[PDB]
There are 2 protein chains.
Amino acid sequence: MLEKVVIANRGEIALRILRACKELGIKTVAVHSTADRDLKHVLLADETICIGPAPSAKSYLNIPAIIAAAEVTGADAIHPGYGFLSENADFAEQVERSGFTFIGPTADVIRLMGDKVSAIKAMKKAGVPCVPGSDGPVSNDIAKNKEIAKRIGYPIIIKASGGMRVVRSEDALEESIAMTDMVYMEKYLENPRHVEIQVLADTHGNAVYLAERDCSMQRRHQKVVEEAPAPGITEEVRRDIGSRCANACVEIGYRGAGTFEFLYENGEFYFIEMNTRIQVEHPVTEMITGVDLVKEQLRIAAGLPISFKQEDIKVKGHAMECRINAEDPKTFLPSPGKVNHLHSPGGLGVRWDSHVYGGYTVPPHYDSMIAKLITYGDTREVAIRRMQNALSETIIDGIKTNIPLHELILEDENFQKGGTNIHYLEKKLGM
Amino acid sequence: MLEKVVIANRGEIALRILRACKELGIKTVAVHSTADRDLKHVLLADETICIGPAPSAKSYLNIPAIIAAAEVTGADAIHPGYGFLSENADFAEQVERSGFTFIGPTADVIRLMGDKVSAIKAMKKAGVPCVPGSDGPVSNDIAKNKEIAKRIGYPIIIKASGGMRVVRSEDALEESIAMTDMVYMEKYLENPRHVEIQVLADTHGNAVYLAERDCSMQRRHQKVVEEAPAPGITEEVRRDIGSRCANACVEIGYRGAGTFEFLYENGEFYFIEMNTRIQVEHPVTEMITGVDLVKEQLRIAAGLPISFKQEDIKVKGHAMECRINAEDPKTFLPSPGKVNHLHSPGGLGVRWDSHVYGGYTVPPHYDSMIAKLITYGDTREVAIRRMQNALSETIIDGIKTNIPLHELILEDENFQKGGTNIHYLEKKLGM
Ligand SMILES: Nc1ncnc2c1ncn2[C@@H]1O[C@H](COP(=O)(O)OP(=O)(O)CP(=O)(O)O)[C@@H](O)[C@H]1O
Ligand SMILES: Nc1ncnc2c1ncn2[C@@H]1O[C@H](COP(=O)(O)OP(=O)(O)CP(=O)(O)O)[C@@H](O)[C@H]1O
């Protein structure tokens with residue numbers, strides 16, 4: 001089975017993966033760039049291998065070097081984390097072709113869900129609800145395009161199949177479509193929330209859905225605060241969309257952890273993308289289900305069945321996560337530098353996922369996320385109050401962080417009420 | 001209701017209490033000695049009041065000064081934590097007599113359970129199983145003492161009613177009893193485990209039991225590692241002893257949080273003491289029940305009912321706690337001093353309850369406990385592996401800690417098996 005895993009990533013998720021491996025007695029191989037020599041997980045790994053210079057293109061996206069590290073250590077598997085090469089079908093294809101287990105879905109399934117209409121295509125077949133659209137590429141004859149558009153109802157939105165332009169009136173169609181590797185047409189939702197379903201699927205033909213997460217708080221389409229379950233969603237609705245996603249997994253032959261992302265508006269779900277990998281915000285789902293998602297990833301890659309059945313999963317309580325970034329809380333300019341003093345919060349229902357430590361220098365070369373603060377409570381309110389308190393205890397001296405932003409979000413009356421849409425944060429910042 | 005609470009304690013439990021207050025929007029008043037000026041919770045409290053010089057006798061056991069602090073702030077209540085004045089009936093009596101709410105049981109009930117035979121007396125009446133004994137003070141006529149002793153069966157053990165000498169043969173009775181403010185006789189158990197039941201009781205006449213904890217790993221009768229639930233204990237046995245403890249609460253008029261400690265041997269429970277207060281190791285119970293014990297303490301003092309019914313409580317998974325002390329791991333000599341670098345562990349199922357921070361100096365004046373590392377897993381094994389991993393990530397530079405001892409305990413084959421008795425640790429250390 002899995003005796004040694006190459007952790008093809010960095011930062012907090014690399015540490016998350018290391019922890020999961022250690023608990024399973026799996027040997028860890030930390031591949032890192034020269035600038036990541038002092039990462040907490042690198043310092044804890046059983047074996048370390050420099051795979052290149054600081055720039056991502058030369059290190060963490062270096063496919064030849066990553067596979068060479070798996071080779072010279074005798075690894076059985078490679079965990080891509082999220083981002084970087086985790087949804088690169090060439091990488092997964094190349095990884096299997098060299099005899100290693102890729103901890104994720106097969107290359108074909110990544111290609112499938114990596115192209116937008118090809119994706120919406122499969123979901124439709126599987127019974128997964130999609131946004132009313134052209135259902136396929138757009139013709140260039142507008143006389144007919146206007147029909148589909150009027151059929152589904154303005155506003156519509158033109159979308160790149162491998163990626164956006166909003167159309168409000170019929171008079172601006174012809175042209176809006178011209179402006180660009182193809183494009184489809186779809187209904188534009190003005191007040192949607194981001195709601196996503198977590199799933200697991202094994203090589204024994206099983207598939208389970210693990211409730212949902214709401215990730216509506218975003219800046220430039222980048223998630224900032226997430227929670228679970230999604231407010232307003234009943235156990236009945238959960239079962240419906242959840243079971244549809246589970247079925248779709250089997251229909252498309254999915255394997256490992258994945259997430260179906262939907263736009264949620266007026267009680268309707270509309271599929272927009274499947275992330276064929278673990279997600280950053282997976283911890284909130286772990287808190288409310290008791291499931292260890294990364295451990296399940298490893299078990300599944302090992303050829304084992306999911307370690308529980310659907311009936312075993314019950315939602316309990318509520319969880320929140322704040323992505324703590326090294327950046328100016330207003331300008332969002334990255335703030336690299338030495339952390340002179342770190343104090344991380346603790347206590348009942350507080351979870352801290354971070355690779356940062358006092359004396360650690362946050363490099364400029366990669367993303368700005370340095371920690372994920374996660375809280376759990378018996379209700380949504382407790383989780384929020386818990387988050388607020390944990391944040392105020394948190395010290396990170398030496399650099400700027402977005403903690404002040406989180407504190408603003410958490411004391412927001414509308415966020416406290418629940419159900420704010422995907423536009424709300426940028427709107428509050430503007431105001 | 002409760003608007004402002006005076007935290008009559010220090011260290012980690014003071015911080016625990018502060019956190020619980022903050023979540024409930026209760027104002028906090030931190031009373032501290034001069035040496036505790038830099039405690040994390042003092043620095044977070046809404047109001048601070050120096051109540052005396054470093055020595056405990058002059059500060060944290062200073063009843064006049066503590067009540068004066070409650071007065072000059074207008075506090076409604078005083079939380080005694082554990083140790084210090086938490087089981088001092090004079091303090092609780094004096095606290096109520098001055099119009100403040102004492103967050104704990106009434107003075108009478110503390111007196112009752114504070115005297116050993118008077119305690120065993122009540123439990124017996126309530127249906128709580130006690131160790132076969134003289135059931136009352138020992139006569140001084142041995143001709144009759146030998147009857148009781150032979151009745152219950154050697155070995156027996158003589159015990160101070162306000163506190164021990166073991167007797168193996170009849171020939172050494174007369175004398176063993178002479179050696180001393182009274183004493184009773186009791187059966188001596190050679191292979192017992194320490195198993196204790198957590199309870200809550202409110203002023204609405206309700207009482208609930210919250211499963212049990214096993215605290216068998218001890219040195220000089222001081223707990224080192226605790227876990228929940230107690231291995232080998234079935235849901236059926238749990239209900240039995242648990243419901244007996246709940247009933248006893250009502251019979252004696254108990255109020256707030258408390259723990260019934262038993263010796264557990266060959267499937268039999270034998271009451272030996274009730275701690276009429278929160279306990280250090282309460283967190284492991286919180287992890288397996290989802291109950292916030294300190295929040296319930298506060299609600300109950302506020303006159304509210306326990307926020308859940310017995311049926312709502314289900315044991316799930318398993319939890320472990322390691323008491324991390326500033327001491328030499330072999331000699332157990334305290335190791336006060338500056339913590340130059342702190343790194344606390346995190347991740348799924350890891351909880352860290354500590355007032356320590358990088359740059360903090362551990363004073364000489366008080367106990368050596370600086371942190372409580374708590375882990376949770378879906379099974380006992382996962383909890384243990386989780387603890388082992390968390391411990392290895394933990395850095396505390398500047399002073400000695402007992403972390404090496406914990407790591408020894410956790411990799412012990414017998415502890416891994418489960419059910420080691422109260423003598424096992426001192427025995428392993430000896431070997
Ligand atoms: N039909 C629709 N109605 C309303 N908003 C839509 C929409 N279609 C797309 N969007 C918006 O565009 C966003 C996604 O854009 P995009 O196609 O570039 O994916 P993305 O890369 O931004 C998210 P990821 O981080 O998973 O890659 C959605 O989050 C949503 O806010
Ligand atoms: N009948 C018995 N059989 C076996 N061991 C016994 C016993 N009675 C007492 N003991 C031992 O003596 C210990 C308790 O001693 P003691 O009466 O001084 O309370 P204590 O102060 O040590 C515990 P606490 O910290 O709650 O005050 C028990 O933990 C147990 O190990």
# chains A, B, ... in the order shown; residues from 1 in each chain; ligands from 1
>>> select_by_dssp(residues="stretch 92-247 of chain B", states="alpha helix (DSSP H)", output="ChimeraX atom specification")
/B:92-97,107-114,116-126,142-152,173-178,235-247
>>> residues_around(residues="stretch 112-126 of chain B", least_positions_apart="4", cutoff="7 Å", atoms="only C-alpha atoms", output="ChimeraX atom specification")
/B:108,130,136,161-162,247-248,251,274
>>> write_last_selection(atoms="C-alpha atoms", output="compact mmCIF listing (two decimals), in the first residue's frame")
# COMPACT_ATOMS: atom_id res chain seq x y z
CA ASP B 108 -22.96 23.47 53.10
CA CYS B 130 -18.65 3.04 48.10
CA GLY B 136 -18.16 5.48 59.92
CA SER B 161 -11.32 11.66 57.23
CA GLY B 162 -9.85 15.05 56.30
CA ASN B 247 -29.43 11.36 41.42
CA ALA B 248 -26.92 11.98 44.21
CA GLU B 251 -30.30 14.29 46.86
CA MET B 274 -16.19 14.23 44.94
>>> select_by_dssp(residues="stretch 167-331 of chain B", states="strand (DSSP E or B)", output="PyMOL selection string")
chain B and resi 167+183-187+193-201+207-219+222-228+256-265+268-275+318-325+327
>>> interface_residues(of="chain A", to="chain B", cutoff="6 Å", atoms="only C-alpha atoms", output="list in words")
residues 23, 346, 347, 352, 353 and 385 of chain A
>>> write_last_selection(atoms="N, CA and C atoms", output="short mmCIF file (atom, residue, chain, number, x, y, z; two decimals), in the first residue's frame")
data_model
loop_
_atom_site.label_atom_id
_atom_site.label_comp_id
_atom_site.auth_asym_id
_atom_site.auth_seq_id
_atom_site.Cartn_x
_atom_site.Cartn_y
_atom_site.Cartn_z
N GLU A 23 0.20 10.41 11.01
CA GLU A 23 -0.82 9.70 11.76
C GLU A 23 -1.07 8.31 11.18
N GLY A 346 -6.04 29.57 21.04
CA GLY A 346 -6.36 28.20 21.37
C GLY A 346 -7.66 28.12 22.15
N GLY A 347 -7.86 26.99 22.83
CA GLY A 347 -9.05 26.79 23.62
C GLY A 347 -10.09 25.94 22.91
N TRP A 352 -6.11 25.78 14.50
CA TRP A 352 -5.12 26.63 13.86
C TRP A 352 -4.28 25.80 12.90
N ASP A 353 -4.46 26.05 11.61
CA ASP A 353 -3.70 25.36 10.58
C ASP A 353 -2.72 26.31 9.92
N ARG A 385 -18.60 34.18 17.35
CA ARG A 385 -18.07 34.82 18.55
C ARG A 385 -16.72 34.20 18.90
#
>>> residues_near_ligand(ligand="ligand 2", cutoff="7 Å", atoms="only C-alpha atoms and all ligand atoms", output="VMD selection string")
chain B and resid 131 157 163 186 to 190 192 194 221 to 222 272 to 273 275 422
>>> residues_around(residues="residue A:58", least_positions_apart="6", cutoff="12 Å", atoms="only C-alpha atoms", output="MDAnalysis selection string")
chainID A and resid 32:35 50:52 64:66 84 365
>>> write_last_selection(atoms="N, CA and C atoms", output="PDB file, in the first residue's frame")
ATOM      1  N   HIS A  32      10.903  20.829  -2.148  1.00  0.00           N
ATOM      2  CA  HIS A  32      10.840  22.259  -1.882  1.00  0.00           C
ATOM      3  C   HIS A  32      11.800  23.049  -2.762  1.00  0.00           C
ATOM      4  N   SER A  33      11.516  24.336  -2.929  1.00  0.00           N
ATOM      5  CA  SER A  33      12.433  25.231  -3.619  1.00  0.00           C
ATOM      6  C   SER A  33      13.502  25.689  -2.638  1.00  0.00           C
ATOM      7  N   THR A  34      14.459  26.477  -3.116  1.00  0.00           N
ATOM      8  CA  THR A  34      15.548  26.942  -2.266  1.00  0.00           C
ATOM      9  C   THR A  34      15.047  27.945  -1.227  1.00  0.00           C
ATOM     10  N   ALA A  35      13.977  28.660  -1.564  1.00  0.00           N
ATOM     11  CA  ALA A  35      13.429  29.686  -0.681  1.00  0.00           C
ATOM     12  C   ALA A  35      12.550  29.087   0.419  1.00  0.00           C
ATOM     13  N   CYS A  50      15.521  19.356  -2.612  1.00  0.00           N
ATOM     14  CA  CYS A  50      15.416  20.619  -3.328  1.00  0.00           C
ATOM     15  C   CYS A  50      15.128  20.335  -4.796  1.00  0.00           C
ATOM     16  N   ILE A  51      14.022  20.874  -5.302  1.00  0.00           N
ATOM     17  CA  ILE A  51      13.609  20.617  -6.681  1.00  0.00           C
ATOM     18  C   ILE A  51      13.808  21.816  -7.604  1.00  0.00           C
ATOM     19  N   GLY A  52      14.327  22.919  -7.072  1.00  0.00           N
ATOM     20  CA  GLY A  52      14.612  24.072  -7.904  1.00  0.00           C
ATOM     21  C   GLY A  52      14.718  25.384  -7.154  1.00  0.00           C
ATOM     22  N   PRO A  64       9.279  17.455 -14.350  1.00  0.00           N
ATOM     23  CA  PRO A  64      10.413  16.524 -14.388  1.00  0.00           C
ATOM     24  C   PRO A  64      11.112  16.378 -13.038  1.00  0.00           C
ATOM     25  N   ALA A  65      11.306  17.487 -12.335  1.00  0.00           N
ATOM     26  CA  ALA A  65      12.035  17.470 -11.071  1.00  0.00           C
ATOM     27  C   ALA A  65      11.238  16.799  -9.950  1.00  0.00           C
ATOM     28  N   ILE A  66       9.927  16.998  -9.955  1.00  0.00           N
ATOM     29  CA  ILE A  66       9.070  16.427  -8.925  1.00  0.00           C
ATOM     30  C   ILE A  66       9.005  14.907  -9.049  1.00  0.00           C
ATOM     31  N   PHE A  84      -1.044  24.935  -7.808  1.00  0.00           N
ATOM     32  CA  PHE A  84       0.111  24.371  -8.501  1.00  0.00           C
ATOM     33  C   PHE A  84      -0.291  23.305  -9.531  1.00  0.00           C
ATOM     34  N   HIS A 365       7.806  35.051  -2.950  1.00  0.00           N
ATOM     35  CA  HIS A 365       7.699  34.297  -4.199  1.00  0.00           C
ATOM     36  C   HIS A 365       6.342  33.636  -4.446  1.00  0.00           C
TER      37      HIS A 365
END
>>> atom_distance(atom1="atom 26 (O, counted along the ligand's line) of ligand 1", atom2="atom CA of residue A:268")
19.8 Å
>>> residues_around(residues="residue A:254", least_positions_apart="2", cutoff="7 Å", atoms="only C-alpha atoms", output="number ranges by chain")
A: 105, 109, 201, 249-250, 252, 256
>>> residues_around(residues="residue B:140", least_positions_apart="4", cutoff="12 Å", atoms="only C-alpha atoms", output="number ranges by chain")
B: 144-146, 173-179, 182-185
>>> atom_distance(atom1="atom CA of residue B:396", atom2="atom CA of residue B:11")
16.6 Å
>>> atom_distance(atom1="atom CA of residue B:26", atom2="atom CA of residue B:103")
13.6 Å
>>> closest_residue(among="A:265, A:170, A:47, A:3", to="ligand 1", atoms="only C-alpha atoms and all ligand atoms")
A:265
